[PDB]
């Protein structure tokens, strides 16, 4: 019947301490001890970890009344908002809301986004000067905040960033959600709530402003390259004809931005760091750039679409250091897994971090080798060998945008600068919801064109 248990340190708390010490190592260690499927008590929750590629289809192809997302990620309600996303009234409503974000992520917008990336980096180079050292994680977070905001919200957001502290407000929301929220969703967090209200009022203002501009300039509606997520949200209704409330519009923008930022800034950090620290890798990347750029001096979309090796580097950083280390679902009915049955109420857990280091799937997995993908094709062994964007019904809809954003940023930065990373590549720090490199992450740079 039930899978093998990790014996608990204590009653209730169970395996929390070793889990909290390092959840990826926790799953590796215990998979060796107990197999492909084991269960653990963790601050009251029964958590069943699925750890081999071969068993993942049952997880990924379930429906939302078999394996529920809304039951596990509903603690995000104070960040994204009441009635939005995991706190939507239904699974169907949640799916429609996700479609509004995805509808500002079209090819047409992607061509405009490349120019945004060029513009923001040009502004950033003036702060950095011709030489120096900079924290990599912060540079990326700072660039991704301006770029993602303008990509999703339109250029009207830029004054609020540069003259109303919106970047700091985001960091206060990010500040007040920890992994413990998953276990205790009512842990009060008053600075987070203060910042969420502030961003709320700014986004309300942005919606009102946009309404005026849709009156005075209705042609924008026709032009697909100027239509951002704010615009769709103001002009689309739910499928059954119910109109959106501004509360929901606001929440959906906050959520989209939350997805738009942290995961990409972290991936960019890991990618850049490993690129510039491996001489061979850096040579191949620069040889592709020079071939694709030719005599042009700025990026455009079709150039970014030919950056295959740089794409493979990003993918390799996502194998090794996926920012979303664990994917979860609650069993609403018992579930068959292998010989076992997982019972109603257990949380199923799949980890892209664990998959990424599986010795089945990958050889020398602690080595950053983009050619493992580009030649040895190691990812395609199993159907679910690589899942840093998930799989199936709830696969990331931001994937192409993230690829575009991180390739572009790293390509532009390489065009401007020679860069050298200081010290050894860090380990992941398992202290936030979205997992990034352990500080410090510093690099030297110098401008290539005096």
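Residue numbers count along the first chain shown, from 1. Rigid core (definition): largest C-alpha set, two forms, superposition within 1.5 Å.
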{"query": "Greater Cα displacement in 4 other deposited structures of this protein once the core is superposed, comparing 80-88 with 179-187", "finding": "179-187"}
{"query": "Farther-lying stretch by C-alpha RMS in 4 other deposited structures of this protein (rigid core fit) among 69-77, 160-168", "finding": "69-77"}
{"query": "308-316 or 161-169, whichever carries the higher mean Cα B-factor", "finding": "161-169"}
{"query": "Between 217-225 and 238-246 (mean CA B-factor, as deposited), the higher", "finding": "217-225"}
{"query": "Member of 93, 74, 376, 329 with the greatest C-alpha B factor (per the PDB record)", "finding": "376"}
{"query": "Highest recorded Cα temperature factor - choice among 231, 119, 296, 338", "finding": "338"}
{"query": "For residue 417, the third of its chain into which the C-alpha B factor falls", "finding": "lowest"}
{"query": "For residue 63, the third of its chain into which the C-alpha B factor falls", "finding": "middle"}
{"query": "Third of the chain's Cα B-factor distribution that residue 31 belongs to, per the entry", "finding": "highest"}
{"query": "Lowest, middle or highest third - CA B-factor, residue 399", "finding": "lowest"}
{"query": "Within-chain third of residue 156 by Cα B-factor, per the entry", "finding": "highest"}
